[PDB]
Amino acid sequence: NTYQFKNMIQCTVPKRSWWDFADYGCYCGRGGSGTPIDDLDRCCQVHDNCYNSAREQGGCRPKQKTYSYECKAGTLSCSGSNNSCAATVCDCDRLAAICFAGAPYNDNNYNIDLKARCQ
């Protein structure tokens, strides 16, 4: 669920507020289309695509599905308890949190004018 994805980001990126990601690029929050502005925004595009695959599993609502995971040392693990929807959504979240940590963050790409930059 969204609370868990926030905690995962707090985990791989302890240096930033989750809000730093919630309105980044064309894909991290609003918009959800156009050309990814940089690698971090591409992380978000992939996450969106991952959730879209997850939602095919009926009843599977990635933002609301609670899964089982652990954050240790900075290393996310999805547990083996998870049902199909949980396992899939946890993996999406995990992969995005790792991706966020590895991508450069550009302040110029926070709260961008989506209309101007995401066509």
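Note that residue numbering follows the sequence shown and begins at 1.
*Identify the stretch, either 70 to 78 or 45 to 53, whose C-alpha atoms have the larger mean B-factor according to the entry.*
Stretch with the greater average CA B-factor: 70 to 78.
*On average, which has the higher Cα B-factor in the deposited entry, 24 to 32 or 58 to 66?*
Taking the mean B-factor of the alpha carbons in each, 58 to 66 is higher.
*Would you mind ranking residue 10 by its C-alpha B-factor against the rest of the chain and naming the third, lowest, middle or highest?*
Tercile = highest for this residue's CA B-factor.
*B-factor third for the C-alpha atom of residue 106 within its chain*: As the PDB entry reports it, the C-alpha B-factor of residue 106 lands in the middle third of its chain.
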